[PDB]
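Chains as they are written, first to last, in UniProt numbering: chain A, 74 to 85; chain B, 1420 to 1505; chain C, 1210 to 1262; chain D, 2 to 96; chain E, 1 to 1119; chain F, 947 to 1104; chain G, 527 to 789; chain H, 2 to 106; chain I, 255 to 339.
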Amino acid sequence: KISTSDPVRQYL
Amino acid sequence: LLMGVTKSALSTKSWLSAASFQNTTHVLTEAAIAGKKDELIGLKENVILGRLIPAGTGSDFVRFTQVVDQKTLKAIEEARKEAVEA
Amino acid sequence: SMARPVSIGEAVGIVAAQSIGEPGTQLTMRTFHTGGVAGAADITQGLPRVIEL
Amino acid sequence: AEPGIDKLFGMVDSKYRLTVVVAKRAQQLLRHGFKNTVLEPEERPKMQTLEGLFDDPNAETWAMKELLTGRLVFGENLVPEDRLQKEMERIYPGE
Amino acid sequence: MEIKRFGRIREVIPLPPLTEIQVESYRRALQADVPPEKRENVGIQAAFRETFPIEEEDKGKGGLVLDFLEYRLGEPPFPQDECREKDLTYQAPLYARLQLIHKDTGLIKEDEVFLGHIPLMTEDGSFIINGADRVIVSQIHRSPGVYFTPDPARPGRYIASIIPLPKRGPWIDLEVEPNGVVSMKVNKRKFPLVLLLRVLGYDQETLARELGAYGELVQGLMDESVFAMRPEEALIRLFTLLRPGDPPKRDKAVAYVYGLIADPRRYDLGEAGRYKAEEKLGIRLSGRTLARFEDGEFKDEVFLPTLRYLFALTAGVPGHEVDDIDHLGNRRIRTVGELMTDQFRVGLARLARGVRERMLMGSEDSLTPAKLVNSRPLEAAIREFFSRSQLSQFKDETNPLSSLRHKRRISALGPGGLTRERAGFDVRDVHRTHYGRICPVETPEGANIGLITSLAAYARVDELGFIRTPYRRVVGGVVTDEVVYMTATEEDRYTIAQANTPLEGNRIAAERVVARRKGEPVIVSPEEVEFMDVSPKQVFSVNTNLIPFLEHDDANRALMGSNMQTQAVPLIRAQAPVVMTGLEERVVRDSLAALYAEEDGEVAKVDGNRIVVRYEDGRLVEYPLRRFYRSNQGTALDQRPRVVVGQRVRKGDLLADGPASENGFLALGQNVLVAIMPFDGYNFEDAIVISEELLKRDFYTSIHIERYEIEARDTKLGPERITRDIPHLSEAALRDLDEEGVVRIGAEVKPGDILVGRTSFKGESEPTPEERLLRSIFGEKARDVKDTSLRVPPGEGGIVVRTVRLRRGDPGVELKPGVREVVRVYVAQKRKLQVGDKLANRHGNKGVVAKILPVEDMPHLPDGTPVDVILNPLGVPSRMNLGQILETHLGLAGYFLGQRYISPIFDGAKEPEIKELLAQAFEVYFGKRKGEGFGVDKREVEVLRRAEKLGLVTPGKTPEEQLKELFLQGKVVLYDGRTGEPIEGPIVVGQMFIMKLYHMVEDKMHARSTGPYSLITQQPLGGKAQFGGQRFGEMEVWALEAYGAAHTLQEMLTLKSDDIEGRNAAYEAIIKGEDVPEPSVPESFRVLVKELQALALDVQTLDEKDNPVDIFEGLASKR
Amino acid sequence: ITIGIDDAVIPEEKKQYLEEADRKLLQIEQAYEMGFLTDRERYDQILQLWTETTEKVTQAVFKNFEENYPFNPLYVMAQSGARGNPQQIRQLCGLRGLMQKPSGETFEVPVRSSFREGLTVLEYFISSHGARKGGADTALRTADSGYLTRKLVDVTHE
Amino acid sequence: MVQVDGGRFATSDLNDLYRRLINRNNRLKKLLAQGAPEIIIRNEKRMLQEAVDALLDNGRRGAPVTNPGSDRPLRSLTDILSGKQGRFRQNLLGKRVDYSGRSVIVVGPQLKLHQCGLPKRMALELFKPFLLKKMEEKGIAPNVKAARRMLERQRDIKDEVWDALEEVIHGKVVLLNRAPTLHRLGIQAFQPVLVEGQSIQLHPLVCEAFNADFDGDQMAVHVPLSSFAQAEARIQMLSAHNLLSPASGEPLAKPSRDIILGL
Amino acid sequence: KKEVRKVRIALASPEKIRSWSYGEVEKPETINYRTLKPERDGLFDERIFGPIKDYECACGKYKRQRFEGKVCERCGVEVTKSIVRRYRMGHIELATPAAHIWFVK
Amino acid sequence: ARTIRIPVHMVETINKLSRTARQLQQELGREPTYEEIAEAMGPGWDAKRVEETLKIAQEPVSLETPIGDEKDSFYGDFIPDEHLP
Ligand SMILES: CNC(=O)[C@@H](C)[C@H]1C(=O)/C(=C(O)/C=C/C(C)=C/[C@@H](C)[C@H]2O[C@@]3(C)O[C@H](C=C[C@@]34CO4)[C@@H]2C)C(=O)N1[C@@H]1CC[C@H](O)[C@H](C)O1
Ligand SMILES: [Mg+2]
Ligand SMILES: [Zn+2]
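This is how it looks when you write it as structure tokens:
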């Protein structure tokens, strides 16, 4: 399910 | 078992005949895994390749015939008369 | 095309579909909704049924 | 249409065979110049700007004017595939 | 000649300016000829006003007010004629005086700012975009307002729908579901109708009894009694039932959006939307939609009526509220204006966006002018709407008639916000309303039925695109002469009577009379008749109303007959029909083929080139006559001058005619002697046989022009020249190439010839060894350049009639990047009438020329006169268009009597009257003989023996007499000019107008044998010279497959297309003289393996045993 | 053999079958004016009527030909394979009396006129409907026909 | 990777999907190398995982777009295979034939079933090379390339070629096709009798076969190159041999319209 | 020579994936502009996918049929005209694997 | 960024040109001839230069894109071949 958020999330 | 014309074709042995549709993804995913050899039987499947139609004059039953004149018909036995070792 | 028995090595298959597909364009025959019917249409005619078949 | 297409369609076990046979013989009727023909002397092939069909017009019209007259021979497996082209290139001049 | 018209229903009022739909609109659209002082703020003035006051208050610093003062246009960059010689649009200057305010010191006022250019409409109606006449096709859509439609899946009750335009105007729906939930989907997801009904003070005590106490559905409203207890809270409560992340305290936040400004608003206060809103339901609505902001407290004169009507609908009988979504009182047409004005406001958006950023970039006071607004936006969209807009295409101008019917065509397909291409079935049907609004025949044929349509002759868009139609009033017996063009909706309201209703001056003349009550054919009583129909003309479109006996032609054919006309190629020997509907002059006069004169005067100098009128006001004006000009289609347009020298002209009377203009009437074909009978199978199915006599007298000949072009590409291998150098074989080929570079005027240019010479550089990056040694032996100093000269495409080419160059020092052109110079060699040809061509009459007998016969042996009358064309009868029984058979009978009498006829649509001539003319004809035909001193052929007497057993003549009467009876039926005794022997049986003959048809580019009998091929796929392709290959369709595959045609099929799958190794081997094989090389493989397959291989899937072929076989012949064996 | 107007001949038994059926029609609306028939029965009673009346003259026209003008062109093209549909001759001479609405529910009122005399204005417009009605469907069974014929060759070639 | 109008360059989107993939995969290693913070190693491996499918097949998880201009689907792999954009349709909508020709048809009354009539101007292109060769056989041209030139401009064609074109043809036949080929009769073969003009003279009897009238239908001609093909064509596919319906007993070529009328 | 009679689909083992390779594209470069030539180790290349012009070499170290099935040292380019350049394939050795989406969705 | 590698040099340079293109859009009105732009930019800037700088500053058009009466007919099939005789 759509990348970006995961990483932006995984970072945070 | 009785099945509609569509479904009846979308299940044939050869993946080639079965790819001439718009589901070519599933059709392919199975042929691989399976290691399927599309014995080219039908025509469609046999056209994609560029082969010669299995029917018409593409009929093995006639694919290989031979012609000759009685002048030559004789000339081949002469190729047998020369078998007389001296 | 002749009248003699069928000849071996003939594409009966395709020659079939074709025949059964040409007339095609020449069928169909009605069925819509009149004026509030407590009923259900039964006789499917034309191409639409041939398919259903 | 074509002279005795029926008689021709009747001297074989399948429509699709007569074709091959006339086809194959026609190719060889060229492959090997035009003397491997099974007939010639009198009334045979002909054109008209001058009577020149006697030499090289239609390949196949010949195949059909020969195979029609009971002179040629053909079978499912009559004479060994390779030594055929051999003798044929050996008895008929033309190139 | 003499012109006698027929039948009479005193046509009360003339047809409308057949282009009003186009001109008139674009007018009101962009009022450039009236000062901002004038009182009209629609379209252009509206869009502007609506998109200017940009009050960006606080987001830092600014509070900059930017208003509009005076918009204006003035002087186009170049004239029309020039806009087609070169390749530019026909624009105009467009700026307006702007000024911005400072919440400090200064209100700078920087006037003129041309933010782009807006196209203009010709006096005729079309535009000019890049050299080609373009036209904008009218469009229909869902009239904004409210409608109640039967709920989709639940045969229970019905739902509601709110429709705004712009699309930004929320498309709302209503629906109820009793056990606890009601619905209303503005944006999407449902929620309490009262949830928002409370956002406007509307409480559950005043709402439950003063709205639906007559409705048991009010209980579905009171439901959530909890939220129903807080005013300006439901404004945040509902604000919450949305989803972004937003602040719950944004006061007049999004409730503004559903207020005034951009979203819900319709064009202009008064009728842009209130008509629907009001007439249909409710009573009033101040401002546009739910608009207001002066108090903070909202008013929704929108949501109350809708429920007060749905609950009024789903119950009782207010009337019969259901709504026919296809009624023309519910469907609207958007003229060119709206279509432009709207695409003109999308531009003010991209601008208003690029500008908002600049209010946050500028230093301080140097900002009004260019530091705030740039043209790049508006100038790219508008341009986009004229250049690519699906709803805009080439000007079908084969002939005047065409460019007229086009201009006034209507298409459903368009914005996409309006009817797409899935639907149709019911929206395609002709509606009970199209009567007198849209033709019931004109529409196209095929995948595009009913979506594209053309309107009626009298129809016209009143005020807000609700196609009306001329209807006149009748008080009791009394029948008005006054007309009230009525809208769809406000039509059903009355009992309209048909036009062909017996009259006594102003009194209907029969106890019973047919009228139509809302699409219901009824036989009524005079005193009942409230309105009558102006005339038949109003029921049908234009093209159709040009057909003779329409009333006798199966509407199914009326279409062919009506479209044929459009394909009417402008014959040099133009000619008006021996029988005319009436609109003959109107079409020409109203389109712009012929050149008429303003006011009275005389004639100065009539030059095949110029006409100078001698007005009696002292002045004199020259009138240029486009001589041999090129039309988009190619059919030439030449205004030949009719008025002699120093002739005392009469205002409005034509001076010169146009392409299809004969004396001033519409000449699309040529009246010609036809004899409808069979021939030696020459007119077998739909074929036609002709009288070569038609050729001898340049009759069906037309002037066509072609325009070939070429550029001097600026490759990086050396500039391309356009010299007179053909490096290889002859001067005999240079001949006509007189001039250095281009071709000489008036030189026959048969195909294969050199229209222009050019030269680029042979090899990509290198010469050639093999060729190296060859060129040296005969003169190594062989100009190593390529002959890439433009030649006459196979097929044909006439004679050079005018050329155009554009070398360096470019005047004002726009040579593209890499374009050093373009050249043009226009060519013209006098296409004569020849076999393979198509002809047709306005009834639909569309047929193709199959045999040209020598006068000497085709059907001849008794007195030497030989017919021109022979039509087969078998073509008329089935196509139930007997109409054409009346045209010939009436036509014959038109011959021998030497006179014309007008036969109005329905009120025309009748069998009897015609039967009379035929008799008065029989004299000129037979009376002569009796006097020239001759009796009756020993043949005529013989045919008369047969002509009775047939039963076409009263036995016993005198031979002389017998022929009259016969001739009167339309039949005569024709002789077979090949024998002298009589066609045993009388045959009908007579004059039939027959038009020639314009040859599509498909006509160009193509033919290929060897040609290029795509870079990628390797299947054949054509271009400039070589013809493109033929596509061997699947069905074509089956046919062959079905046949024993085994090989023949593989031929098509390889040699003739997909085999690189093949065709190659193949070509040569032939030349030398051998049976083609057994087919390699198709690339299509090879491409599949590698294509498939790009995907981790391996596709490897196999053998007898499961052992490999290499398709890509060894080239895939690594290194 | 050709085609002049006097070729499509109309039988004197047209005004008859028409008039006689105008009264049997009047009768019905009385049996309606009172209260005996249902609105739905009123309607079907009618169609029923015409449909028969229509059919009636179709044979009338033909018999006229058979008996009085066996050698008429229109007749002769129709009789031999040549070209001619009975339902077409009817249109020409007798009458094309019953088109239908967009709906599907045929019109209550017939189209008395024939292509020979002036098939009136509103009569013309009435028949128009069946124009698109038929153009639609046709551009469809050509499609689906194809569609199907592909399926057929697919489950068949081999 | 093509060159077009000046700086204009053309290239299958595929190349762009690949690059994508490469740069990622490359940033991969190069990232791992330089130490390795976890979050990132995956983030990149994640991105990569997306790229890997990109070229394989788009839209099955998302749609990547060339930088702005067209929100177009960079045509991934299967898309070309399957024809997920009518590609297959046009694919099994046949290719193109090298020796084809299409014209307008016209009735050939006194013609004979056995034959058909096409315009020379057409025939000329058709069996062009078969003509070149005959051209060299007669004295109207010494050698090929030469002869080629002869037949390049209409004005330089000696009226001796036509006689040559007549030769070539003699014996030979071609095939004519109708718009919707619905049955085997749909394509029939005749030995062309070179005619004049721009039109194809078709035989009345077969008009039943090809549903074809003469108000503007156009037929197409096909040249059977192979001595074999030509061979079958004029034996089992020559109109005059298929008079009956393969669909039902009833004959297809039968006295029609006007003809009946007379008899 | 041998008449193919049966076709066969199967999964591409990295062995058979590499096998097909005539090199491993190891860089994103397409073609630099100063010259219409394929860049270094990129999607296009004389070494990998083959020659660019007929029998001619990459730098013209060789230029004829005589030196048919043999290769060059300085640049590297077996050769028969361009035609091979469309039939040849290459790979991209990935760092961490990823599966054929086809098999996952 | 692009499909055809361009140097950093001829990058910082394209941006100027994109920019200068606007400064000229600012006052004249006529989309600058390769002269206005040239003069404006700097020293060694001719007319052939700017014209040449842009064809390169372009973007490869998709070999696969809707052509003509866009429906099925795919671009690529309109491009011929040359290597193959
Ligand atoms: C594929 N068919 C089905 O699945 C059938 C079984 C089912 C069905 O779902 C049908 C349709 O979805 C029809 C859609 C139509 C006619 C759309 C218009 C817009 C068409 O208009 C034209 C203009 O363009 C296109 C195609 C053809 C057109 C008409 O010419 C376009 C598609 C249909 O007819 N069916 C049955 C058949 C028996 C009966 O009719 C019943 C009421 O319905
Ligand atoms: Mg037709
Ligand atoms: Zn090298």
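Note that beta-carbon positions come from the ideal geometry of N, C-alpha and C, so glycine has one too.
query	result
Cα-Cα separation between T487/E and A262/E, rounded to whole angstroms	28 Å
Neighbourhood of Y978/F by C-beta distance below 7 Å, restricted to the same chain and skipping five residues each side	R988
Residue range of the beta strand (DSSP E) that includes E734/G	Unbroken run through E734/G: none, as it is neither H nor E.
Proximity test, Cβ basis, 7 Å: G1222/C and chain F	yes
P706/G: CB within 6 Å of a non-hydrogen atom of ligand 1	no
Sub-7 Å separation of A715/G and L701/G beta-carbons	yes
Nearest-angstrom Cα separation, counted from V623/G out to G1062/E	13 Å
Residue closest to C60/H, alpha-carbon to alpha-carbon, out of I49/H, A13/H, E27/H, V78/H	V78/H
According to DSSP, residues forming a beta bridge with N703/G	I713/G, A746/G
Assumed close pair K660/G, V694/G - CB separation to whole angstroms, cut-off 8 Å	5 Å
Euclidean distance between Cα positions of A160/E and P150/E	9 Å
Classification of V262/I by the beta-carbon crowding that lies within 10 angstroms, buried from 16 upward	exposed
Identity of the residues DSSP links to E856/E by a beta bridge	Answer by DSSP bridge pairing: none, since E856/E is not bridged.
Neighbour flag for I10/H against chain B, beta carbons, 7 Å	yes
Cα-Cα separation, residue 804/G to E421/E	The shown model of chain G, from 527 to 789, leaves out residue 804/G, and the question about it has no answer.
Beta-carbon contacts of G898/E that lie in its chain and below 7 Å, excluding the five residues immediately before and after	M1
Where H1006/E falls: helix, strand or coil (DSSP)	coil
Exposed unless 16 or more other CB atoms sit within 10 angstroms - verdict on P305/E	buried
Any non-hydrogen atom of ligand 1 within 6 Å of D1090/F CB	yes
Beta carbon proximity, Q29/D to chain G, threshold 7 Å	no
Residues sharing a beta bridge with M184/E, DSSP	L174/E
Residue interval of the beta strand (DSSP E) (run including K830/E)	819-831
Short CB-CB distance (under 7 Å) between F35/D and chain B	no
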